[PDB]
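A.B. asks: Have a look at the structure that comes next, please.
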Amino acid sequence: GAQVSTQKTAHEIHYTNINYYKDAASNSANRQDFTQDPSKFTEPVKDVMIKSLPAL
Amino acid sequence: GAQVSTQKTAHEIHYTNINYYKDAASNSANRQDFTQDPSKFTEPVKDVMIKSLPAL
Amino acid sequence: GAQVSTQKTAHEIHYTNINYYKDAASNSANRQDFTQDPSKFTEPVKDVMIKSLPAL
Amino acid sequence: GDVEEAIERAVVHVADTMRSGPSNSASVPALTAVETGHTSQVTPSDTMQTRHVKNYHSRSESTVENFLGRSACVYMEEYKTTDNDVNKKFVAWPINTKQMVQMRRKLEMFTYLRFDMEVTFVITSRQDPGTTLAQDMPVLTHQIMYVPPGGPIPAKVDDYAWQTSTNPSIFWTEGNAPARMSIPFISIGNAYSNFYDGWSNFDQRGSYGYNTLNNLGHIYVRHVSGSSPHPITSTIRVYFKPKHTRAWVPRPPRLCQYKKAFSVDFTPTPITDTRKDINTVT
Amino acid sequence: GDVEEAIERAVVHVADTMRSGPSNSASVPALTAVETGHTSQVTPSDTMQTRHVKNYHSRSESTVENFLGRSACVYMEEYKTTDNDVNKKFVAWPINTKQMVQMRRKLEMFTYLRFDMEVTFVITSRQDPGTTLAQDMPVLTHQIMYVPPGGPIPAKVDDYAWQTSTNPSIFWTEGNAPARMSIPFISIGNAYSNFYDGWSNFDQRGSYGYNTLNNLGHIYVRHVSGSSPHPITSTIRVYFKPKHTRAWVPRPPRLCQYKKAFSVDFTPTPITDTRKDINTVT
Amino acid sequence: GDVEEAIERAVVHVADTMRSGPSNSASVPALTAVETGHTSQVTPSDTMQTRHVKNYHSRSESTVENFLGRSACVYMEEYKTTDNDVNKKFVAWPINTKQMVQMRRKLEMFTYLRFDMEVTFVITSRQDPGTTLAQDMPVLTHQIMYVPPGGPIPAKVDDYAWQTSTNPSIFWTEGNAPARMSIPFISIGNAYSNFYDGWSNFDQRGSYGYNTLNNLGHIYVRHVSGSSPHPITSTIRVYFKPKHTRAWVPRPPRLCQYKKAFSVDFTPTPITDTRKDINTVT
Amino acid sequence: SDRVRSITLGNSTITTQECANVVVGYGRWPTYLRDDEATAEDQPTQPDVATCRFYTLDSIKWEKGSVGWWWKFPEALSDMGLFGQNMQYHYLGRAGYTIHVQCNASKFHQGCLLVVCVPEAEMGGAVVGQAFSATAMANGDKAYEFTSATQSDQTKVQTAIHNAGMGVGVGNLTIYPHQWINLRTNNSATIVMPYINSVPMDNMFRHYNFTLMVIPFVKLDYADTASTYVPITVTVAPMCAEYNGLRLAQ
Amino acid sequence: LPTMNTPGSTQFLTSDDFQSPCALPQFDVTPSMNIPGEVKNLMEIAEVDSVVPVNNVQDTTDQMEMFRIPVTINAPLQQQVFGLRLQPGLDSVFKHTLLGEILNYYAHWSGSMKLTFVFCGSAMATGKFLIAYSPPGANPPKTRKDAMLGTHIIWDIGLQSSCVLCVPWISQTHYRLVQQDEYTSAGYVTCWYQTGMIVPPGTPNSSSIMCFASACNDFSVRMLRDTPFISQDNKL
Amino acid sequence: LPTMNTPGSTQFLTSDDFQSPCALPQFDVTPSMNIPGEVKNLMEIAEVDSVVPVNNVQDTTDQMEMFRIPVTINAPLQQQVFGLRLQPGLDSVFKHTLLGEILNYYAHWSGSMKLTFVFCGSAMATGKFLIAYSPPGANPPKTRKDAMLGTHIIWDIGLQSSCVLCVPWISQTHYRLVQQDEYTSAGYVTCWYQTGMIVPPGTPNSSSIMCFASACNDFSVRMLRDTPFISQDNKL
Amino acid sequence: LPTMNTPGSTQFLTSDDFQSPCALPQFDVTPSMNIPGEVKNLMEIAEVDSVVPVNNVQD
Ligand SMILES: CN1CCN(Cc2ccc(NCc3ccc(F)c(F)c3)cc2)CC1
Ligand SMILES: CN1CCN(Cc2ccc(NCc3ccc(F)c(F)c3)cc2)CC1
Ligand SMILES: CN1CCN(Cc2ccc(NCc3ccc(F)c(F)c3)cc2)CC1
């Protein structure tokens with residue numbers, strides 16, 4: 001039961017991982033996630049504002 | 001001959017195991033069993049009693 | 001997820017590789033590439049010259 | 001058959017709480033009768049209005065497997081590399097789990113047990129104080145030997161018995177990881193017994209108590225060939241870690257302090273501590 | 001099922017720049033109103049002509065997982081193998097992350113955290129200076145014991161409490177790799193809290209601040225059985241490395257120097273450094 | 001997908017030699033004109049009769065990957081465990097590849113480079129000579145810390161900065177294998193530059209040469225807690241091994257001996273050695 | 001026009017004829033506790049309308065020399081209508097809030113205010129290594145004064161404005177939910193704050209959920225007018241409040 | 001096969017799970033037998049009732065008195081029968097009960113609790129009692145009027161001699177510390193006379209009550225820890 | 001199974017990723033809860049505005065003055081309002097801003113920046129301002145005629161009280177050092193009077209402006225490094 | 001898992017090829033650019049002409 005995934009590298013490559021312990025806390029760091037969303041802190045307003053239109 | 005099973009983690013993940021020795025006593029602890037039944041010590045009576053109904 | 005490839009040896013043979021780390025910089029040296037092209041430094045002229053024909 | 005894929009055990013979460021509203025009826029869940037020896041199965045939903053709650057808590061850490069699945073010291077002893085007294089240069093320990101208090105109390109919560117054993121040895125050395133200490137000695141080596149009941153017992157460090165041909169043994173060198181082994185279930189009965197309310201002889205005479213069933217053997221340790229110009233003292237600690245455990249017939253935990261390694265003798269103790277009066281809550 | 005083949009996360013590159021030409025219209029992207037508390041989303045393409053550019057830069061290294069995924073010292077202490085003072089032969093440290101400044105400041109950028117922990121121990125020894133140093137001692141061994149809150153606490157190096165039966169422990173020998181373990185999320189709440197603006201007692205009295213929620217336990221260390229003719233001093237360093245991290249409610253980084261290990265007390269500090277005048281740029 | 005089976009690279013052998021016979025024609029392969037800056041592509045088959053030969057030679061060992069794929073010392077330094085001078089108990093080295101001559105010359109055959117780095121550390125210790133040497137000390141431990149540009153710099157062995165929370169570090173103990181790590185391509189530009197014919201300030205003033213682009217940071221090393229009754233000296237050697245290399249714009253190898261670690265300064269040197277006369281061949 | 005806003009909670013209404021948008025916490029609207037996230041067993045009480053309404057919390061006076069003020073919640077509403085009674089009679093509580101801060105002045109006045117809600121705004125004592133009572137930081141609905149100079153009295157919190165009494169740069173408070181009241185183009189600020197905490201519920205007498213701060217970044221100024229000060233008023237309204245654990249009154 | 005050792009090699013962790021060689025190869029174990037009463041989880045023990053020594057009056061010459069709660073025929077209209085703190089792992093009352101012992105091996109606990117009271121008076125005696133649970137607060141109740149505000153049940157004594165008070169799990173956190181403090185308080189439990197005890201002629205003037213403690217089916221524990229009740233100074 | 005240890009075995013690297021044994025086997029973690037305001041990347045913080053203390057006049061008795069840029073009714077036709085170097089991680093102006101703090105944890109940075117200016121004068125006041133960004137050069141601008149050559153925007157004060165100047169990313173290298181030097185300079189930013197500020201009778205003669213700094217959506221950082229702003233001498 | 005170390009363990013060979021941990025996890029490298037004049041083998045250099053100093057007359 002092995003997992004194969006790509007590894008970080010511009011535009012110019014696989015590694016295998018296996019878990020040996022029965023506790024999920026023993027796994028290695030999952031530092032491959034890159035999803036993000038800044039609208040929570042930058043646009044917390046109630047009514048959406050179009051950049052082109054005047055603010056008020 | 002490898003075994004794949006889930007690992008403990010709320011609601012937000014596999015590990016591989018292989019046995020190397022010919023004696024079952026050498027295996028790792030099987031601490032993944034969670035079945036339990038307390039009726040043996042809490043309800044040892046002969047005639048089942050309904051909680052809603054009076055005890056006597 | 002294992003890779004199998006030939007290993008250097010005249011005319012008289014496989015090795016397996018697996019990547020364990022999540023960063024491509026950790027991989028081993030890829031010293032199996034042998035493509036080359038010297039025309040960049042030896043024939044940098046604009047008009048191709050045929051060896052048999054006179055240079056000028 | 002490169003992967004078996006063991007099915008999930010299915011996390012067993014604790015019971016949820018169901019919404020309950022006002023009630024007025026002849027059913028009386030609260031009233032019961034403990035005289036039957038039956039513990040009531042009421043829930044908070046049966047006595048006051050409650051909201052719906054989903055519990056994701058699990059009782060994984062309370063399993064007997066996990067409760068007893070921790071290594072614990074069971075014995076420690078000292079022996080010198082060189083000395084005048086022959087008996088002081090090696091250890092001879094009859095195996096038993098009653099020497100150290102914490103592990104004893106943990107085990108004594110169940111009448112019968114059945115498990116595999118994992119044994120680990122921690123060995124350390126130190127130079128004894130003295131007037132002259134300047135010496136050079138290579139790394140030391142130690143031997144651990146297990147003697148099932150009835151086997152020959154060495155009488156000195158350099159006895160012939162140390163040439164084990166059937167007795168399992170471990171040779172270990174300082175600076176490496178601690179030694180380890182696995183031991184299967186080696187009881188003549190169907191389960192280890194922590195308590196034994198009986199005698200040895202058929203006429204109700206002789207030894208009494210759990211001392212009668214203790215016949216697990218001995219353990220001997222020595223320095224292989226180290227013999228320093230000046231004394232060197234070493235200490236060994238033994239750790240037990242049950243595996244694949246099953247338990248039967250739970251019993252109340254002990255309250256009085258232990259006083260003997262092969263008996264239940266004790267001194268009467270107060271039930272618990274006291275307070276100013278029945279109403280004091282501060 | 002010999003290979004799962006986890007799908008690619010798909011490198012998320014930063015936004016590109018689109019070509020823009022001369023404009024003359026009633027739209028005014030530049031003008032906005034910060035009074036709304038909304039940060040403007042303008043781009044350079046909205047105020048000057050720009051060429052088309054493909055950006056291959058990525059924000060991989062700025063993730064919270066990577067930002068906090070570095071081991072850092074959190075505590076160091078010294079203990080002697082032999083000495084007159086009993087309290088000086090072992091360490092007793094209440095667990096907390098506020099002792100060392102850098103790691104504290106890193107953590108304090110988020111109000112709430114939830115992560116697994118990876119702990120590593122670095123142990124070193126040295127012979128104390130003295131008039132006579134000629135001695136021979138085998139390799140030393142150390143024991144690390146973790147005591148959850150409410151458990152028994154040893155009072156001396158050779159106390160009975162060192163016979164751990166339920167408390168996890170590590171036995172380590174010098175010359176090998178540093179010891180290591182993994183610790184899951186062990187908070188009673190749903191997340192660790194770096195700050196707590198509240199009191200302990202319900203009448204707004206007693207302890208105040210994050211000191212109230214610190215109940216992680218203790219760590220004890222000792223030499224197993226080493227007792228040298230001459231003193232030997234050892235030092236232990238503890239390193240924490242969060243894993244699988246999640247963070248909430250960011251807060252501005254601290255500006256004033258730390259002064260207490262269990263309080264936010266500080267001294268007023270200037271906002272920043274000064275320069276000759278508002279126009280000086282040299 | 002248990003096996004990928006990477007296709008063979010197909011050994012690229014050198015060109016063969018084709019059989020050639022007597023010729024008499026207007027074609028003149030031998031005659032050319034170097035004024036065009038074009039190197040002639042003639043072969044021995046074009047000027048004398050030759051037999052057919054199959055060449056199995058390969059140019060595998062001449063690839064840039066293999067040419068630079070060898071670890072080489074780049075720096076060595078000494079530091080004492082205990083001494084009066086604070087600055088003498090630890091090392092602080094600004095990273096640069098110009099210190100050691102051989103590796104410098106190897107790199108300087110290309111104008112631009114782009115590669116990953118593999119770093120290995122070799123550490124050794126020795127007891128300083130003195131009148132009294134009889135002492136006993138456990139194994140020593142060392143710490144290596146990497147400080148990117150702009151980070152805090154320690155000023156003494158026991159400074160607070162040694163509590164790395166973001167700066168990567170390695171703790172190593174003597175008697176084990178040498179420490180090692182991998183470093184990715186960490187240049188702000190698209191490739192490392194060995195040479196830089198330019199200035200720092202925009203008015204053609206200030207620092208000149210490759211010293212301007214050297215901003216890789218520092219490396220610090222110290223004994224963790226070792227403090228012996230008598231001085232002990234340690235030495236550290238740093239080895240660099242490029243991986244996944246690409247090179248551009250080759251340049252002629254250097255001829256004059258190096259004289260400065262951050263400049264191209266040199267002294268004029270003869271082109272080559274001499275002989276008796278133009279005809280001497282003995 | 002989007003310059004006019006109207007908010008109706010319970011039996012109270014707020015109308016502002018000149019205002020900006022309404023910031024909404026971290027993009028999360030207040031809501032009741034879900035069944036799969038709760039921990040307490042017994043039925044909660046949800047006295048909407050009776051408790052979800054606007055409560056004006058006294059008034060301050062903005063002078064040319066003002067430095068700022070702060071309030072701490074929910075303790076500020078400790079004795080305000082049925083909300084206070086419910087908070088007294090219950091062990092656990094949970095509720096979001098809607099904060100509305102009014103400040104109006106003529107076209108000829110100038111000034112700028114920063115309105116910000118700081119969750120878990122822990123504060124340090126005036127003298128390091130010295131404890132203070134629960135009276136120098138919250139005493140009901142009364143507002144507390146910041147200080148331009150460094151505080152010296154040991155019985156009260158460090159009031160140095162530029163550090164915000166938290167050891168952080170005052171200019172960096174923008175990270176928290178906030179709004180600006182600029183007299184040129186604004187008269188009020190509205191913030192909707194969801195329930196933020198590390199546990200589903202908590203006691204409201206022992207824990208200060210969040211702190212409200214008003215800081216004049218540009219000091220008030222005017223010339224040749226009969227008005228000497230600009231009053232400032234604060235109005236709050238709990239939303240989706242629910243209590244649990246009925247006990248005797250504290 | 002190239003390899004590199006990561007940190008943590010050669011360490012001995014007392015809570016690890018690794019395979020190790022067997023010292024007695026091909027050993028034949030004794031066949032298993034299904035002994036009655038198998039236990040597979042300490043919670044099964046934790047849910048069994050046990051008597052609570054509520055009468056800790058600092059003057060108990062006879063130890064068995066600790067289990068008996070006195071009750072009298074003539075008492076003021078409203079009077080307190082007993083009161084205690086709800087600290088199952090720390091308070092002296094629950095410290096040594098069958099439930100308390102289990103918790104002391106752990107650090108965190110959560111869930112509801114059951115308190116069962118049994119009237120051991122005469123058959124002709126009668127009375128009513130009010131039992132109330134007060135969540136955490138600034139001050140514990142002092143009079144019945146204060147107690148009756150919180151969760152409570154009115155207990156009537158008749159043919160059924162036992163009544164159960166279920167203490168609900170009301171807390172701000174999912175878990176509570178066994179070594180409880182001000183932050184994680186749990187409240188108080190008190191009992192008061194509702195009507196008083198009445199007896200006919202020729203009966204004893206005093207009676208006794210007993211209390212039983214147990215955990216509900218949602219109870220659970222976490223973080224194993226070594227208990228502090230048992231200690232030794234020298235090897236046995 | 002034959003094996004050989006490669007160099008690097010038994011070393012402790014502070015930034016490694018390896019599996020290790022768990023010290024608390026089968027531990028039950030508390031259920032997760034979705035607290036509002038989750039953050040998954042420091043850039044999300046970096047894009048939030050923060051006030052820039054531009055008025056560092058070496059004579060600020062009152063600290064809060066550092067945030068106010070003075071403006072006067074009567075000034076020469078062309079006059080400079082302020083000027084500063086564009087060194088977000090090194091210059092004292094941007095050193096301690098919400099953006100500057102994040103960069104100081106890294107060594108390389110790239111991308112564009114936003115500077116927002118808000119006029120906090122009276123409602124009756126009016127004026128125009130010229131804000132220009134000058135790429136790196138031998139000499140910074142000295143007069144408006146020099147400044148207007150580079151990138152700039154003419155700001156008109158009206159109902160909309162805020163204007164945004166987007167500083168484009170113009171550089172010879174893909175990245176720039178946080179510890180900036182002559183080689184990797186970034187240029188200057190200056191503001192000048194375009195028309196001047198005019199006020200009617202009965203208004204204050206002075207006004208103030210504030211500046212906000214934030215990063216665009218193409219901003220990024222690299223090479224984590226320990227910040228130099230915080231230090232200690234003794235264990236706390 | 002039983003194992004035995006063969007000779008050569010813990011040695012440092014300067015021309016070995018082994019994987020090692022990365023000290024800067026999830027580091028984002030600068031995008032590649034095709035600079036003119038890439039060289040992939042020293043022979044390419046070796047085939048370029050160069051002037052030979054034949055007149056070594058010791059004077
Ligand atoms: C009366 N029983 C005896 C067993 N005791 C538990 C027990 C069982 C076996 C052991 N050790 C078995 C063992 C394991 C490994 C050895 F090398 C060895 F010699 C012996 C220790 C404690 C419970 C009470
Ligand atoms: C109030 N919180 C306490 C936790 N602190 C973070 C934290 C959490 C856990 C730890 N260590 C947990 C731990 C890990 C391993 C052990 F062996 C051990 F005893 C304890 C250290 C810091 C943030 C503030
Ligand atoms: C001006 N360039 C600088 C780089 N130099 C090559 C070079 C690049 C990087 C390094 N070392 C990078 C490094 C690798 C590992 C570390 F721990 C560390 F701190 C730094 C050494 C030489 C060529 C000339």
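Residues in the structure tokens are named by chain (A, B, ... in the order shown) and by number from 1 within that chain; ligands are numbered from 1 in the order shown.
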Please return as a PyMOL selection string the residues found within 8 Å of ligand 3, counting only C-alpha atoms and all ligand atoms.
C.D. replies: (chain F and resi 95-98+107+113+117-119+145-148+181-187+192-195+210-211+213-219+240) or (chain J and resi 23)
A.B. asks: Using C-alpha atoms, can you write the selected residues to a file as a PDB file, in the first residue's frame?
C.D. replies:
ATOM      1  CA  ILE F  95      29.404  31.433   2.509  1.00  0.00           C
ATOM      2  CA  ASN F  96      31.413  31.645  -0.718  1.00  0.00           C
ATOM      3  CA  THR F  97      33.146  29.232  -3.081  1.00  0.00           C
ATOM      4  CA  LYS F  98      36.296  31.297  -3.705  1.00  0.00           C
ATOM      5  CA  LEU F 107      33.741  26.255 -11.199  1.00  0.00           C
ATOM      6  CA  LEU F 113      25.670  27.809 -13.213  1.00  0.00           C
ATOM      7  CA  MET F 117      23.788  21.471  -3.551  1.00  0.00           C
ATOM      8  CA  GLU F 118      24.691  18.596  -1.241  1.00  0.00           C
ATOM      9  CA  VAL F 119      26.617  19.650   1.869  1.00  0.00           C
ATOM     10  CA  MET F 145      23.388  26.753  12.318  1.00  0.00           C
ATOM     11  CA  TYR F 146      22.612  28.477   9.019  1.00  0.00           C
ATOM     12  CA  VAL F 147      21.623  32.148   9.106  1.00  0.00           C
ATOM     13  CA  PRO F 148      20.105  33.581   5.918  1.00  0.00           C
ATOM     14  CA  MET F 181      21.838  17.933   3.984  1.00  0.00           C
ATOM     15  CA  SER F 182      20.479  18.972   0.600  1.00  0.00           C
ATOM     16  CA  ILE F 183      20.051  22.585  -0.484  1.00  0.00           C
ATOM     17  CA  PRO F 184      17.951  23.681  -3.487  1.00  0.00           C
ATOM     18  CA  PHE F 185      18.739  26.472  -5.955  1.00  0.00           C
ATOM     19  CA  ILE F 186      18.550  29.589  -3.778  1.00  0.00           C
ATOM     20  CA  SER F 187      19.643  32.382  -6.122  1.00  0.00           C
ATOM     21  CA  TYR F 192      24.583  31.690 -10.153  1.00  0.00           C
ATOM     22  CA  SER F 193      27.187  34.003 -11.673  1.00  0.00           C
ATOM     23  CA  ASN F 194      30.884  33.369 -11.113  1.00  0.00           C
ATOM     24  CA  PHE F 195      31.834  36.728 -12.648  1.00  0.00           C
ATOM     25  CA  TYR F 210      31.692  39.184  -8.074  1.00  0.00           C
ATOM     26  CA  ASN F 211      31.828  40.348  -4.436  1.00  0.00           C
ATOM     27  CA  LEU F 213      26.387  39.345  -5.710  1.00  0.00           C
ATOM     28  CA  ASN F 214      27.563  37.270  -2.720  1.00  0.00           C
ATOM     29  CA  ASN F 215      24.658  37.347  -0.259  1.00  0.00           C
ATOM     30  CA  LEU F 216      24.211  33.685   0.657  1.00  0.00           C
ATOM     31  CA  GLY F 217      24.404  34.165   4.435  1.00  0.00           C
ATOM     32  CA  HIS F 218      26.566  32.718   7.211  1.00  0.00           C
ATOM     33  CA  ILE F 219      27.291  29.456   9.014  1.00  0.00           C
ATOM     34  CA  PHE F 240      30.050  20.917  -1.571  1.00  0.00           C
TER      35      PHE F 240
ATOM     36  CA  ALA J  23      17.017  21.611   4.734  1.00  0.00           C
TER      37      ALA J  23
END
A.B. asks: Check the DSSP output for the backbone and give back, as a ChimeraX atom specification, the residues of region 115-217 of chain I in strand (DSSP E).
C.D. replies: /I:115-119,128-134,151-156,162-167,176-177,188-193,206-215
A.B. asks: Using only C-alpha atoms, which residues sit within 9 Å of residue 53 (chain G) once same-chain residues fewer than 5 positions away are excluded, as a PyMOL selection string?
C.D. replies: chain G and resi 8-13+48+236-239
A.B. asks: Which residues of chain E are close to chain G, meaning at most 8 Å apart when you count only C-alpha atoms, and how do they look as a PyMOL selection string?
C.D. replies: chain E and resi 34-37+111-112+189-193+195-205+209+250-256+259-260+263-271
A.B. asks: Just to be explicit: take each residue in the selection above, keep N, CA and C atoms, and write the result as a short mmCIF file (atom, residue, chain, number, x, y, z; two decimals), in the first residue's frame.
C.D. replies:
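Contents of the output file out-v4.cif:
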data_model
loop_
_atom_site.label_atom_id
_atom_site.label_comp_id
_atom_site.auth_asym_id
_atom_site.auth_seq_id
_atom_site.Cartn_x
_atom_site.Cartn_y
_atom_site.Cartn_z
N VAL E 34 -11.02 53.79 1.80
CA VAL E 34 -10.59 52.87 2.84
C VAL E 34 -11.51 52.87 4.05
N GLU E 35 -12.43 53.83 4.13
CA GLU E 35 -13.33 53.89 5.28
C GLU E 35 -14.15 52.61 5.41
N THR E 36 -14.38 51.92 4.30
CA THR E 36 -15.15 50.68 4.34
C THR E 36 -14.39 49.55 5.02
N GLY E 37 -13.11 49.72 5.31
CA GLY E 37 -12.33 48.63 5.85
C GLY E 37 -12.00 47.57 4.83
N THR E 111 -3.82 33.42 17.13
CA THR E 111 -4.53 33.31 18.40
C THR E 111 -4.74 31.85 18.80
N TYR E 112 -5.09 31.00 17.85
CA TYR E 112 -5.40 29.60 18.12
C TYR E 112 -4.61 28.71 17.19
N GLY E 189 -9.47 21.53 25.05
CA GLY E 189 -10.28 22.31 24.14
C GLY E 189 -10.11 21.85 22.70
N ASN E 190 -10.73 22.60 21.80
CA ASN E 190 -10.64 22.28 20.38
C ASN E 190 -9.40 22.86 19.72
N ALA E 191 -8.58 23.61 20.45
CA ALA E 191 -7.37 24.19 19.88
C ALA E 191 -6.56 24.83 20.99
N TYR E 192 -5.24 24.79 20.84
CA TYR E 192 -4.38 25.51 21.76
C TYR E 192 -4.64 27.00 21.65
N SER E 193 -4.56 27.69 22.78
CA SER E 193 -4.78 29.13 22.82
C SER E 193 -3.52 29.80 23.35
N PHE E 195 -3.33 33.09 23.86
CA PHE E 195 -3.78 34.17 24.72
C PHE E 195 -5.11 33.81 25.35
N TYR E 196 -5.35 34.35 26.54
CA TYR E 196 -6.59 34.10 27.26
C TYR E 196 -6.88 35.32 28.11
N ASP E 197 -7.79 36.18 27.64
CA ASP E 197 -8.16 37.39 28.36
C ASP E 197 -9.28 37.06 29.33
N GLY E 198 -8.90 36.47 30.45
CA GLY E 198 -9.88 36.08 31.45
C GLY E 198 -9.20 35.69 32.74
N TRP E 199 -10.02 35.38 33.73
CA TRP E 199 -9.56 35.02 35.06
C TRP E 199 -9.81 33.54 35.32
N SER E 200 -9.38 33.07 36.49
CA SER E 200 -9.57 31.68 36.88
C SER E 200 -10.87 31.49 37.65
N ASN E 201 -11.11 32.31 38.67
CA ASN E 201 -12.31 32.19 39.47
C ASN E 201 -13.48 32.88 38.80
N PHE E 202 -14.69 32.41 39.11
CA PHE E 202 -15.88 32.93 38.46
C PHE E 202 -16.23 34.34 38.91
N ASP E 203 -15.63 34.82 40.00
CA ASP E 203 -15.86 36.17 40.48
C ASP E 203 -14.81 37.15 39.99
N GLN E 204 -14.13 36.83 38.89
CA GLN E 204 -13.10 37.70 38.32
C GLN E 204 -12.00 37.97 39.34
N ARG E 205 -11.38 36.89 39.80
CA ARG E 205 -10.32 36.97 40.81
C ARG E 205 -9.36 35.83 40.54
N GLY E 209 -4.60 35.64 32.64
CA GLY E 209 -3.80 35.50 31.44
C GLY E 209 -3.64 34.06 31.01
N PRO E 250 -5.22 35.61 12.87
CA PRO E 250 -3.89 36.21 12.98
C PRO E 250 -3.92 37.52 13.74
N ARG E 251 -2.81 37.84 14.39
CA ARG E 251 -2.66 39.05 15.17
C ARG E 251 -1.32 39.69 14.84
N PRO E 252 -1.18 41.00 15.08
CA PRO E 252 0.05 41.67 14.70
C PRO E 252 1.23 41.12 15.48
N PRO E 253 2.41 41.07 14.88
CA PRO E 253 3.58 40.58 15.61
C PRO E 253 3.94 41.50 16.76
N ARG E 254 4.56 40.92 17.78
CA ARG E 254 4.96 41.70 18.94
C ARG E 254 6.07 42.68 18.57
N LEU E 255 6.10 43.80 19.28
CA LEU E 255 7.09 44.84 19.05
C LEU E 255 8.02 45.05 20.24
N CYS E 256 7.50 45.01 21.46
CA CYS E 256 8.31 45.23 22.65
C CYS E 256 8.96 43.94 23.10
N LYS E 259 9.61 40.20 28.74
CA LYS E 259 10.20 40.37 30.06
C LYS E 259 9.76 39.33 31.09
N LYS E 260 8.66 38.62 30.88
CA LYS E 260 8.21 37.59 31.81
C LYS E 260 7.79 36.36 31.03
N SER E 263 3.55 36.10 31.38
CA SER E 263 2.77 37.33 31.36
C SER E 263 3.09 38.09 30.08
N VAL E 264 2.23 39.06 29.77
CA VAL E 264 2.42 39.92 28.61
C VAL E 264 3.08 41.24 28.98
N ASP E 265 3.56 41.38 30.21
CA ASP E 265 4.11 42.65 30.67
C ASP E 265 5.22 43.11 29.74
N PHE E 266 5.34 44.43 29.60
CA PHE E 266 6.31 45.02 28.69
C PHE E 266 6.58 46.45 29.12
N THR E 267 7.47 47.11 28.39
CA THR E 267 7.77 48.52 28.57
C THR E 267 7.51 49.27 27.27
N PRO E 268 6.96 50.48 27.32
CA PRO E 268 6.66 51.19 26.07
C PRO E 268 7.90 51.37 25.22
N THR E 269 7.72 51.25 23.91
CA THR E 269 8.80 51.30 22.94
C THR E 269 8.44 52.27 21.82
N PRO E 270 9.43 52.94 21.24
CA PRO E 270 9.14 53.79 20.08
C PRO E 270 8.61 52.97 18.92
N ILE E 271 7.78 53.61 18.10
CA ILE E 271 7.19 52.91 16.96
C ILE E 271 8.27 52.40 16.02
#
A.B. asks: Once you count only C-alpha atoms, which residues of chain D turn out to be within 9 Å of chain A? Could you give them as an mmCIF file with C-alpha atoms, in the first residue's frame?
C.D. replies:
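result39.cif, freshly written:
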data_model
loop_
_atom_site.group_PDB
_atom_site.id
_atom_site.type_symbol
_atom_site.label_atom_id
_atom_site.label_comp_id
_atom_site.auth_asym_id
_atom_site.auth_seq_id
_atom_site.Cartn_x
_atom_site.Cartn_y
_atom_site.Cartn_z
ATOM 1 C CA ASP D 2 0.707 -7.793 -3.074
ATOM 2 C CA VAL D 3 -1.801 -5.967 -0.759
ATOM 3 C CA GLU D 4 -4.345 -7.539 1.694
ATOM 4 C CA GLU D 5 -6.094 -4.223 2.593
#
